[PDB]
Amino acid sequence: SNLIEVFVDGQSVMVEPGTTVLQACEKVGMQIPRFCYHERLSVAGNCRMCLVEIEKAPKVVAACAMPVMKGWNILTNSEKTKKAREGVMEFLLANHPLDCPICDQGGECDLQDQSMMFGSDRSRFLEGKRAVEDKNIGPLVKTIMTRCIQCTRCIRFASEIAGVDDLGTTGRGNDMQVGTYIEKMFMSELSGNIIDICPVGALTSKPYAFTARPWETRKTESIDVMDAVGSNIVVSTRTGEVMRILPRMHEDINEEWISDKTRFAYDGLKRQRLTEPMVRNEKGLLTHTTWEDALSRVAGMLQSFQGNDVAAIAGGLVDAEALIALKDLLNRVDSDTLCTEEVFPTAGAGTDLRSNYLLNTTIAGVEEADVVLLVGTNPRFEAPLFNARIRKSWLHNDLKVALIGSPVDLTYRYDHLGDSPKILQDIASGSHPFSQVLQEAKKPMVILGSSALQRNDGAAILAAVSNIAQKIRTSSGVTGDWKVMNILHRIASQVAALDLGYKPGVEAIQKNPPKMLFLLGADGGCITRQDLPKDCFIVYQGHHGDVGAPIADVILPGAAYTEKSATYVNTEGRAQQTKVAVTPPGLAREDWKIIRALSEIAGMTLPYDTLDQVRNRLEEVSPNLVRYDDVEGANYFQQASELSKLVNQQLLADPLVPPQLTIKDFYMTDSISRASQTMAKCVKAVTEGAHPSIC
Amino acid sequence: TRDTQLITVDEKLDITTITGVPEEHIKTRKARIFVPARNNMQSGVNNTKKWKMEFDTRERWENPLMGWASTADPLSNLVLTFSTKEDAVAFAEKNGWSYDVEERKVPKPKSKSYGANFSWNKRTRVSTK
Amino acid sequence: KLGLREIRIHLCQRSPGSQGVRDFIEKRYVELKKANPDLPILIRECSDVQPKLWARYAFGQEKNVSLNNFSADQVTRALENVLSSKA
Amino acid sequence: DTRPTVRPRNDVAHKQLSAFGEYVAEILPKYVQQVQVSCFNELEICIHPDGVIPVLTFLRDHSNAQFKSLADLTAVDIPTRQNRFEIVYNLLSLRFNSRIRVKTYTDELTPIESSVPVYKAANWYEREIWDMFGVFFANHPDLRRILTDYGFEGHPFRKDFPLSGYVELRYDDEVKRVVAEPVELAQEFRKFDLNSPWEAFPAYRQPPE
Amino acid sequence: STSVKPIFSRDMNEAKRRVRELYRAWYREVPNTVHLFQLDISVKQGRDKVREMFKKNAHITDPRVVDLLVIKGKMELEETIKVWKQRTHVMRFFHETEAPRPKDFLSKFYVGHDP
Amino acid sequence: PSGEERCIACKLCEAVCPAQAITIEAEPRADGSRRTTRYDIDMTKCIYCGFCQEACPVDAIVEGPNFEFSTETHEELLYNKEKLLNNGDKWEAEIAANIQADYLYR
Amino acid sequence: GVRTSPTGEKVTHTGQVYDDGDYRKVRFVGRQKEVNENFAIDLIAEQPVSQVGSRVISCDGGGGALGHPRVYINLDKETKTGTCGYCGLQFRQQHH
Amino acid sequence: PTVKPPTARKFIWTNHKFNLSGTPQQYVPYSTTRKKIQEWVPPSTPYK
Ligand code: SF4
Ligand code: SF4
Ligand code: SF4
Ligand code: SF4
Ligand code: FES
Ligand SMILES: [K+]
Ligand SMILES: [Zn+2]
């Protein structure tokens with residue numbers, strides 16, 4: 001092949017041309033010191049901490065920016081390499097402040113560890129240090145810029161990953177300062193990530209300030225449920241308390257980033273919590289009771305109703321274990337009215353075929369597409385870590401992106417076809433010039449957000465967009481194994497519910513008003529007591545009392561995503577399971593156990609007693625639900641297209657308008673985020689602006 | 001060869017009855033075999049080179065006297081280190097525990113060019129340095 | 001009521017033992033959905049799964065019929081034994 | 001060698017112990033699997049467990065070995081290995097003023113031959129290994145628990161044994177007795193993750209994957 | 001792969017001879033244990049406890065694991081005979097101060113989160 | 001000397017305590033300072049080894065010269081931040097002098 | 001200073017006070033609740049802001065090796081005082 | 001102290017107190033932290 005041979009301390013290694021000296025050392029297990037180099041940002045080469053000797057060369061080379069020439073012997077542990085790391089570490093620490101005891105980065109600081117692994121053990125600096133004035137860049141990131149080492153990782157990330165050119169270097173020389181120059185807030189959906197990529201404590205989390213130290217935390221690897229992307233996270237806990245949320249690397253989902261809601265909405269888990277069962281007293285007020293009493297009331301009512309009189313609505317954060325258990329319980333009273341708050345068209349194949357409601361191209365598949373079409377979606381806020389993937393392809397693959405919807409800033413320049421859905425018909429025929437771009441495209445990609453399917457013409461829009469994906473995947477010009485049609489979900493429990501057989505939307509409840517309603521975490525306000533028979537019996541099971549608890553007759557406390565081992569299916573059909581970080585607060589119990597307990601009291605005991613047995617049931621209903629971290633390909637797009645043409649609905653004249661036009665609509669979308677005091681500060685910060693940090 | 005007069009035993013290794021562990025902590029547990037994820041706050045990768053076996057998290061409550069974190073789980077601080085996944089699975093099955101295995105996640109190789117920072121006709125040109 | 005409430009079809013996307021069900025879906029599913037517009041027919045495809053046809057009747061009663069190595073015509077006959085008997 | 005803060009290196013002893021390591025291997029090829037000398041001049045002989053008595057007897061009785069004192073006998077639990085245990089013998093030679101280490105291995109179910117016939121000192125050391133690790137020694141005069149409580153279940157020094165155990169004792173007034181109940185801690189032991197994510201010693205790096 | 005040094009027995013027939021021999025030794029020693037230790041239980045209770053302990057390990061089919069159980073059980077008998085154990089140790093097999101934990105799903109559901 | 005607490009909740013004493021006798025929790029104070037809301041020493045776990053005062057970067061935690069504080073109950077030896085501050089306000093006149101006579105050996 | 005909730009229990013400097021219905025108050029019946037009356041937040045606020053004629057000032061806490069690690073404080077910002085992160089002392093620039 | 005008086009500070013006790021164990025003025029431990037999890041208070045209005 002074209003591989004060239006280089007030696008790392010005498011060990012041969014075959015590397016592709018363009019590989020760097022730093023990357024060649026990774027191939028043999030050696031990690032070069034670094035402060036400025038990040039594997040996902042541009043190469044800066046300005047910290048000079050990666051200098052490595054090359055044999056038979058008098059000059060040290062920046063290992064992060066030097067391509068490997070053939071036949072080079074990289075000396076990673078010579079006297080010259082080790083004397084270069086001591087000098088650079090000595091210059092980094094000359095003006096650095098003695099803030100380690102009062103610095104939140106202590107214990108997990110790259111400057112500390114690389115000072116104790118590659119630097120000297122004392123200082124010969126006999127002068128006064130520099131002092132820089134702190135800067136305010138929002139309510140999330142605390143800045144102490146005396147600790148900055150001018151590595152420019154935040155500058156590159158803000159410009160490349162986030163597409164925001166707000167940070168930069170002002171001045172020159174020793175007085176070079178990183179900041180926004182003017183009083184400005186770096187409020188972005190990916191703003192919290194500059195905390196992680198900052199090797200020093202210059203950028204730190206403000207909510208997390210001073211609460212813990214790295215060594216005393218316990219790391220639980222779990223899944224984020226604030227959206228349908230399924231970002232992998234680490235839940236740091238200490239003495240039975242959630243302290244912070246961190247990204248967990250997953251190349252195919254979220255890289256090593258997470259959105260602000262995922263990172264900072266955890267503090268809503270500590271407010272407005274349901275800790276005890278409640279029933280309505282004789283005065284009409286909710287009063288604390290016991291599990292025995294609370295479940296007897298619900299079992300008594302459940303046994304007296306059956307058929308189309310017991311119905312349930314599934315919320316946006318429910319897990320697969322609870323969804324299957326509730327469906328089984330209701331099916332034992334001859335009830336099929338299992339509904340979800342999120343609407344999805346049922347015409348044609350409906351939910352029969354998975355490919356009709358999945359992101360069939362996969363998130364990582366956006367990097368091989370050459371044209372992407374977005375229909376009526378603001379992916380920046382609905383799926384912040386799916387918009388970052390688009391920008392990466394828009395930045396490295398020269399991707400062409402077109403949007404049919406409202407002109408919302410996506411952090412990258414796109415082509416605006418308009419806003420009326422009728423444009424979808426022009427593209428499907430040939431009138432619109434953009435129709436030619438899709439035919440010439442080798443690997444086109446069409447995305448229809450589930451927010452556009454909330455309109456009354458969702459059936460028409462889905463049919464129209466799927467029609468475009470049909471006139472592009474069958475006509476010669478596209479590789480056989482490339483999916484075109486895609487749906488971008490925004491609710492963590494949607495794909496799992498549709499896989500099990502839940503009816504999408506609350507339409508079934510509005511034509512058969514039931515006399516007993518289960519609100520399983522439903523806090524969207526889709527159904528209220530104005531749409532139900534008088535004296536209807538409403539049972540709310542959940543972890544927050546936001547909108548469903550105050551109208552419920554029985555409140556059954558449940559567990560949050562950080563308090564159970566639960567299965568969520570992200571927008572691409574990938575099943576992933578959370579892990580228990582802390583147990584539910586008070587008398588709250590695992591959600592699927594409440595239904596299992598209720599079934600036993602009502603005389604309809606479900607055939608599973610343990611989590612492993614409930615997941616065996618999930619394998620029966622849909623086998624893909626127990627294939628963790630695996631994406632199962634869905635096929636039969638042709639069948640969906642045929643069944644969609646049987647009924648011809650018309651598109652409403654109203655233009656497509658995403659529910660989230662600006663970032664102030666992004667910080668609050670569920671019970672947990674609306675109960676968070678950090679998201680409340682973020683909303684106040686992006687409307688009222690920033691109209692005391694020392695340590 | 002050996003002269004210890006060996007015998008043939010054909011059955012899966014099982015020592016649950018001789019380890020002395022109580023019954024409730026062999027059957028209700030769930031051991032997670034995984035390679036720890038990088039601490040995103042740092043760049044070092046030396047903590048992501050060995051497999052670990054941690055058990056499921058049980059209840060921690062608040063001590064009524066001093067507010068400390070009390071526990072009734074004897075295996076709440078039990079972390080084992082293994083050189084390979086098969087070594088970890090073998091130990092779990094030997095002690096009778098139920099286990100879930102997470103396959104290792106390795107960063108994918110990436111093409112990094114410093115010359116792309118200054119591109120004639122590409123979006124990789126950087127506006128600042 | 002003793003009627004049928006749901007049909008679930010499990011099959012693999014590549015295994016030769018699931019070719020019959022795939023042949024059934026490619027040509028016959030569109031017709032069987034138009035004749036049963038209000039019957040949910042779930043088609044869940046995994047990798048390396050023995051084909052099966054689940055049938056959930058009223059009050060949670062479920063029966064499954066193995067479809068392993070079936071031809072495209074046996075699968076058609078298997079469904080008719082479910083959509084007609086209504087047991 | 002004039003550096004104040006660096007331990008001086010003795011290369012004369014390193015040479016002598018390496019020569020005696022080959023000497024042992026040449027005489028006992030049937031059991032000796034590996035021989036090594038550490039940078040601090042300590043010699044280790046790694047043997048097949050069937051050679052415990054032959055190897056120890058040679059080192060005790062041979063004229064050029066005369067390892068007549070058993071300084072210590074102990075086990076190490078390494079769960080990653082098939083033979084998780086590692087029986088370590090430290091011998092002292094008064095005649096030649098030298099020390100040697102003999103190492104073998106065994107799993108939970110495989111017996112190890114008792115060293116009492118060679119060293120009477122091994123009588124109590126092997127009870128400790130059985131008590132704290134669960135390694136059975138064949139042909140032992142009286143093999144019993146020596147350190148744990150009577151009726152104690154489990155072998156504490158195994159890596160999978162919890163630090164605080166599974167039982168705790170208190171005096172119960174109802175039965176006028178000291179009773180054992182499942183362990184509960186008013187303050188749980190706090191587990192610290194102290195390992196630095198940056199390699200400390202390149203010289204000990206392992207081949208990738 | 002399957003060749004391994006035995007402890008005492010070469011097969012289950014040889015290992016079950018030691019198990020029955022151990023049961024006889026324990027069966028004959030309960031009357032003295034209830035006497036020397038002044039236990040407030042009867043011989044029937046003690047001999048039923050011995051039977052219970054043997055029955056717990058009735059599913060074993062490995063001659064090496066059975067040998068360890070007999071070796072461990074023989075050590076327990078030695079301590080009881082020689083009065084190395086005290087009344088507290090003998091009575092620890094009965095768990096007289098522990099409230100009976102629930103076994104069914106509903107009872108466990110009410111009192112906590114454990115399976 | 002101002003009366004401000006010396007502890008800035010760095011938790012070095014908590015990390016080095018051989019007996020895990022120290023428990024600390026901290027948050028931003030009303031004025032923004034880094035201060036502890038909990039500082040508990042279980043005087044029945046402590047081995048009186050002095051590591052905590054060797055690890056403190058600001059001489060906040062010290063072992064005083066008092067050795068007569070026997071109690072009639074196990075609870076009186078589970079000190080919290082209020083008990084430890086009172087000890088400081090109580091023995092400061094002596095603690096400050098002992099440090100003065102020894103800080104040039106540390 | 002030391003406050004008192006409606007029930008009469010003194011509030012500590014960390015804001016801790018048992019509620020009316022909290023049974024844990026029983027531990028103080030026949031005894032006292034130990035509260036330190038020298039609130040640090042109050043005392044540090046009594047210290048005057050020192051005027052210094054330079055952009056950057058350094059604080060070691062007083063006493064040299066008996067203080068805290070020597071940090072440097074920037075006084076460029078004219079709308080607030082510079083505060084030491086260890087001891088809380090405040091500094092200002094002489095007429096800017 | 002009559003020759004080398006101690007340094008005076010305004011937070012130091014002016015009245016020394018001896019061992020108060022076993023008396024009404026003894027030290028009783030308690031948690032100095034505030035409640036971590038806030039519960040949900042149902043509305044007072046009876047609805048319906
Ligand atoms: S960034 Fe913070 S922890 Fe790291 S060396 Fe600087 S002061 Fe210390
Ligand atoms: S603030 Fe942090 S990330 Fe930005 S240049 Fe300074 S050290 Fe680098
Ligand atoms: S003196 Fe006591 S509190 Fe301080 S480190 Fe030692 S054991 Fe811990
Ligand atoms: S007492 Fe000292 S070492 Fe302990 S947390 Fe406070 S400042 Fe850190
Ligand atoms: S890592 Fe190469 S110069 Fe910064
Ligand atoms: K940082
Ligand atoms: Zn100061």
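Reminder, nothing fancy here: chain letters follow the sequence lines and each chain counts from 1. Whatever order the structure lists ligands and atoms in, that order sets their numbers, starting from 1. Heavy-atom basis, side chains included; hydrogens, waters and symmetry copies ignored.
Numbered from 1 in the order shown, with element, the atoms of ligand 5 that lie under 4.0 Å from a heavy atom of A:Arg34 read 1 (S). Those atoms of ligand 3 with a heavy atom of F:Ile47 less than 4.0 angstrom away are 2 (Fe), 7 (S). For ligand 5, the atoms lying closer than 4.0 Å to a non-hydrogen atom of A:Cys47 are 1 (S), 3 (S), 4 (Fe). Set against the non-hydrogen atoms of F:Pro18, the atoms of ligand 3 under 4.0 Å away are 5 (S), 6 (Fe). Every atom of ligand 5 with a heavy atom of A:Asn46 under 4.0 Å away is listed here by number and element: 3 (S). Ligand 3 places these atoms under 4.0 Å from at least one heavy atom of F:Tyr48: 1 (S), 2 (Fe). When each atom of ligand 5 is checked for a heavy atom of A:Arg48 under 4.0 Å away, the hits are 3 (S), 4 (Fe). Set against the non-hydrogen atoms of A:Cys50, the atoms of ligand 5 under 4.0 Å away are 1 (S), 2 (Fe), 3 (S).
Protein heavy atom at the shortest distance from atom 2 (Fe) of ligand 3 is F:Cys46 SG, 2.3 Å. Given atom 6 (Fe) of ligand 3, the protein heavy atom at minimum distance is F:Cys49 SG, 2.3 Å. What sits closest to atom 4 (Fe) of ligand 3 on the protein, heavy atoms only, is F:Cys52 SG, 2.3 Å.
Within the 4.0 Å heavy-atom shell around ligand 5 one finds A:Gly45.
Of all the heavy atoms of A:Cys36, the ones lying under 4.0 Å from any atom of ligand 5 are found in both the backbone and the side chain. Only side-chain heavy atoms of F:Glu63 come within less than 4.0 Å of ligand 3; its backbone N, CA, C and O stay farther off.
Atom CZ of residue D:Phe189 and atom CD of residue F:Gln20 lie 4.5 Å apart, to the nearest 0.5 angstrom.
Taking a 6.0 Å sphere around CD of G:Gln94, one finds it holds more than 12 heavy atoms contributed by other residues, nucleotides or ligands.
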Checklist entry - Between F:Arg106 and F:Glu54, is a salt bridge (charged side-chain N to carboxylate O under 4.0 Å, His left out) present by the stated rule, with each step listed? => result CA-CA 8 Å; F:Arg106 285 101 107 106; F:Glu54 298 165 33; over 6 Å; no
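Side-chain polar atoms of F:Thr37 and F:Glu25 form no donor-acceptor pair below 3.5 angstrom.
Side-chain contact between A:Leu41 and A:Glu160: present, with at least one pair of heavy atoms (C-beta onward) separated by less than 4.5 Å. The shortest distance between side-chain heavy atoms of A:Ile32 and A:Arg85 falls below 4.5 Å.
Using a cut-off of 2.8 Å, one finds that F:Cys17 contributes no N/O/S atom close to atom 6 (Fe) of ligand 3.
Cation-pi check for F:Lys83 over H:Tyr27 is met; the charged atom lies under 6.0 angstrom from the ring centroid and within 45 degrees of its normal.
Look at A:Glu39 and B:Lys110 and you find no salt bridge, because none of the NZ, NE, NH1 or NH2 atoms lies under 4.0 Å from a carboxylate O. Under a 4.0 Å N-O distance rule, the pair G:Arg55/G:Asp76 qualifies as a salt bridge. A salt bridge links A:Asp104 to F:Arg34: at least one charged side-chain nitrogen sits closer than 4.0 Å to a carboxylate oxygen.
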